[PDB]
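Take a look at the structure below.
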Amino acid sequence: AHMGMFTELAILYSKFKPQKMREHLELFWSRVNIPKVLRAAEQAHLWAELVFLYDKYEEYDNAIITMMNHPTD
Amino acid sequence: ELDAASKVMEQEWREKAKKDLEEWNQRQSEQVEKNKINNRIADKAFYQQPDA
């Protein structure tokens, strides 16, 4: 169960079923490639998932930036 | 469509913020006017009857 499998799963979940991508992240955040899933959530307009991943990875700067870019989401 | 809905929600939040700011400013102005009335009453209380 290498990190690549969970990474590709999170990558391919955004395109089809974004409602379960957050649930999969809350379970396997420690096993997903960071920049790939970040770019996937950016392309999928999943700002809440971006903030969650930034908070789990202690990336407060990008978290606050994404939060300010979307005040209502 | 999600971006349009987000823009609509941002506009609604801006409207609510303007309403809240206006209400807070009106309440602060009411408090300032009441303080001015209290100061006028205090200045009226300064009137006494001393010698020349």
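Residue numbering restarts at 1 for every chain of the structure tokens, chains are lettered A, B, ... in their displayed order, and ligands are numbered from 1 as they appear.
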
- Task: Pull out every residue of chain B that has at least one atom within 10 Å of chain A, counting only C-alpha atoms, and report them as a count of residues only.
- Result: 11

- Item | Residues near residue 51 of chain A, cut-off 8 Å, only C-alpha atoms, skip fewer than 6 positions along chain, as a VMD selection string | chain A and resid 63 to 64 66 to 67

- If you measure from atom CA of residue 17 of chain B to atom CA of residue 33 of chain B, what distance in Å do you get, rounded to one decimal? 24.1 Å

- Message: Based on the backbone DSSP call, show me all residues of chain B assigned helix (DSSP H, G or I), as a ChimeraX atom specification.
- Response: /B:2-45

- Message: Env of segment 20-22 of chain A: 12 Å cut, atoms = only C-alpha atoms, seq-sep filter 2 positions within chain, self excluded. Answer as a PyMOL selection string.
- Response: chain A and resi 6-18+24-29+32+37+40-41+44+46-53

Export of the given selection (N, CA, C and O atoms) as a compact mmCIF listing (two decimals), in the first residue's frame:
```txt
# COMPACT_ATOMS: atom_id res chain seq x y z
N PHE A 6 -2.73 5.63 -3.24
CA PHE A 6 -3.64 6.61 -2.65
C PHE A 6 -3.55 7.95 -3.39
O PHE A 6 -4.57 8.64 -3.55
N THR A 7 -2.36 8.32 -3.85
CA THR A 7 -2.20 9.55 -4.62
C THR A 7 -3.03 9.50 -5.90
O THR A 7 -3.80 10.42 -6.18
N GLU A 8 -2.89 8.42 -6.67
CA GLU A 8 -3.64 8.30 -7.91
C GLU A 8 -5.14 8.19 -7.64
O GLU A 8 -5.95 8.70 -8.43
N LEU A 9 -5.52 7.56 -6.53
CA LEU A 9 -6.93 7.48 -6.17
C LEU A 9 -7.50 8.87 -5.91
O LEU A 9 -8.58 9.22 -6.40
N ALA A 10 -6.78 9.68 -5.13
CA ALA A 10 -7.23 11.04 -4.85
C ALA A 10 -7.24 11.89 -6.11
O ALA A 10 -8.08 12.78 -6.27
N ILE A 11 -6.30 11.64 -7.02
CA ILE A 11 -6.23 12.37 -8.29
C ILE A 11 -7.47 12.07 -9.12
O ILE A 11 -8.12 12.98 -9.63
N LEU A 12 -7.80 10.78 -9.25
CA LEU A 12 -8.89 10.35 -10.11
C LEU A 12 -10.27 10.50 -9.46
O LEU A 12 -11.29 10.39 -10.15
N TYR A 13 -10.32 10.75 -8.15
CA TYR A 13 -11.61 10.93 -7.50
C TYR A 13 -12.17 12.33 -7.76
O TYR A 13 -13.39 12.50 -7.87
N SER A 14 -11.29 13.33 -7.85
CA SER A 14 -11.72 14.71 -8.06
C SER A 14 -12.47 14.88 -9.37
O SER A 14 -13.43 15.66 -9.44
N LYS A 15 -12.05 14.17 -10.41
CA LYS A 15 -12.65 14.36 -11.73
C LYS A 15 -14.07 13.81 -11.80
O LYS A 15 -14.91 14.37 -12.52
N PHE A 16 -14.36 12.74 -11.06
CA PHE A 16 -15.65 12.07 -11.17
C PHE A 16 -16.52 12.21 -9.92
O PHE A 16 -17.67 12.65 -10.02
N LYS A 17 -15.99 11.86 -8.75
CA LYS A 17 -16.75 11.88 -7.50
C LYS A 17 -16.04 12.76 -6.48
O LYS A 17 -15.32 12.28 -5.61
N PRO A 18 -16.22 14.08 -6.58
CA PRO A 18 -15.57 14.98 -5.61
C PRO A 18 -16.19 14.93 -4.22
O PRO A 18 -15.54 15.35 -3.26
N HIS A 24 -12.09 10.45 1.54
CA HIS A 24 -10.88 9.67 1.32
C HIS A 24 -9.65 10.40 1.86
O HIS A 24 -8.72 9.76 2.37
N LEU A 25 -9.63 11.73 1.76
CA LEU A 25 -8.51 12.49 2.29
C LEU A 25 -8.47 12.44 3.81
O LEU A 25 -7.41 12.20 4.40
N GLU A 26 -9.62 12.62 4.46
CA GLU A 26 -9.67 12.55 5.92
C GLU A 26 -9.21 11.20 6.46
O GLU A 26 -8.96 11.08 7.66
N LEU A 27 -9.10 10.19 5.60
CA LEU A 27 -8.64 8.86 5.99
C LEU A 27 -7.20 8.58 5.58
O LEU A 27 -6.49 7.88 6.30
N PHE A 28 -6.76 9.10 4.43
CA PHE A 28 -5.43 8.79 3.92
C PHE A 28 -4.60 10.01 3.55
O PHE A 28 -3.83 9.95 2.59
N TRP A 29 -4.74 11.12 4.28
CA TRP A 29 -3.94 12.31 4.02
C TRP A 29 -2.44 12.04 4.13
O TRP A 29 -1.64 12.65 3.41
N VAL A 32 -0.73 10.43 0.58
CA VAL A 32 -1.00 11.04 -0.72
C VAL A 32 0.08 12.07 -1.02
O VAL A 32 0.47 12.85 -0.15
N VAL A 37 -2.10 16.22 -5.32
CA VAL A 37 -3.46 16.35 -4.81
C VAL A 37 -3.84 17.82 -4.65
O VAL A 37 -5.00 18.19 -4.83
N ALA A 40 -4.79 18.92 -8.08
CA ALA A 40 -6.06 18.29 -8.43
C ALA A 40 -7.23 19.01 -7.77
O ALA A 40 -8.26 19.26 -8.41
N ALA A 41 -7.09 19.34 -6.48
CA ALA A 41 -8.15 20.07 -5.79
C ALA A 41 -8.29 21.49 -6.34
O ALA A 41 -9.40 22.04 -6.35
N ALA A 44 -10.25 21.09 -9.47
CA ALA A 44 -11.61 20.67 -9.15
C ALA A 44 -12.37 21.70 -8.34
O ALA A 44 -13.52 21.44 -7.95
N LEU A 46 -12.06 22.57 -5.32
CA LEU A 46 -12.33 22.06 -3.97
C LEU A 46 -11.49 22.84 -2.96
O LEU A 46 -10.43 22.40 -2.49
N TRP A 47 -11.98 24.03 -2.63
CA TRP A 47 -11.23 24.94 -1.76
C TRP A 47 -11.23 24.45 -0.32
O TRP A 47 -10.24 24.62 0.40
N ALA A 48 -12.34 23.87 0.13
CA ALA A 48 -12.39 23.32 1.48
C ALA A 48 -11.39 22.19 1.66
O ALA A 48 -10.71 22.11 2.69
N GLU A 49 -11.28 21.31 0.66
CA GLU A 49 -10.28 20.25 0.71
C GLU A 49 -8.87 20.82 0.69
O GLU A 49 -7.97 20.29 1.36
N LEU A 50 -8.66 21.90 -0.07
CA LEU A 50 -7.35 22.56 -0.07
C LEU A 50 -7.00 23.08 1.31
O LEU A 50 -5.88 22.89 1.79
N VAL A 51 -7.95 23.75 1.98
CA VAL A 51 -7.70 24.27 3.31
C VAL A 51 -7.45 23.14 4.30
O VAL A 51 -6.58 23.23 5.17
N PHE A 52 -8.21 22.04 4.16
CA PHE A 52 -8.01 20.90 5.05
C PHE A 52 -6.62 20.30 4.88
O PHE A 52 -5.93 20.00 5.86
N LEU A 53 -6.18 20.12 3.63
CA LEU A 53 -4.85 19.57 3.38
C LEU A 53 -3.76 20.52 3.86
O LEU A 53 -2.74 20.07 4.39
```
